[PDB]
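This document starts with one chain, in the form solved without the ligand, laid out as structure tokens.
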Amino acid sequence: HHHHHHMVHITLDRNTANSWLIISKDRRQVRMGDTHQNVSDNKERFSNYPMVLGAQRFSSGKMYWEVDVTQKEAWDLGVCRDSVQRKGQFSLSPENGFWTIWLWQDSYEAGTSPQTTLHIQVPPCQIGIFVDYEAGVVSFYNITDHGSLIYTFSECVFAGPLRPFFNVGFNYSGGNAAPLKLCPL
């Protein structure tokens, strides 16, 4: 893949974050706190899950960014509609406005409905995410394995502005405290 040249500088939007998340000063790293982070509630915040959105909104063009997932046991990554539900329980699916992959219990899966098994020989430490708005494509790349393709959602019906999407996962096990980090360009 030669998507690197569509690289965009993504920053996290504090106002969307679950109240337990801790976003770094530079707005490039997020991790699960061990408690409520002493913020007011608002209608933007994801209530049920440790999720946060990027600040950037995309309605055209080609966009690429990379996320570091080193030593995490669980996470969700991708893009979503700006108008996704924030409160209560929901599934990550294109019907609900999400184009995502995840790691969960030692398996990788794409957020289709129902979910699709991914085939990854080299556990990734960094994930590349490519969006082509006009083409209706979201693709995921294994940066650790020379940029090998993980998954392509095609014929996507975005139906609105897109935002980068993150879930750091719960840390019930004590083995999932590590942050998600936006990697430098």
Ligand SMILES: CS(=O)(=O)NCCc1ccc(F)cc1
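A residue's number is simply how far along the shown sequence it sits, counting from 1.
Not on display, but discussed next: the form deposited with the ligand bound.
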Open or blocked, once the ligand is placed by superposing site C-alphas in the entry with it bound (3+ ligand atoms within 2.4 Å of backbone or C-beta means blocked): open
In the entry with it bound, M32 touching the ligand (heavy atom, 4.5 Å): yes
The ligand contact in the entry with it bound: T16, any heavy atom under 4.5 Å: no
Proximity of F130 to the ligand in the entry with it bound, heavy atoms at 4.5 Å: no
Partner proximity in the entry with it bound: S148 to the ligand, non-hydrogen atom cutoff 4.5 Å: no
Within 153-179, the residues that have a heavy atom no more than 4.5 Å from the ligand in the entry with it bound: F170, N171, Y172
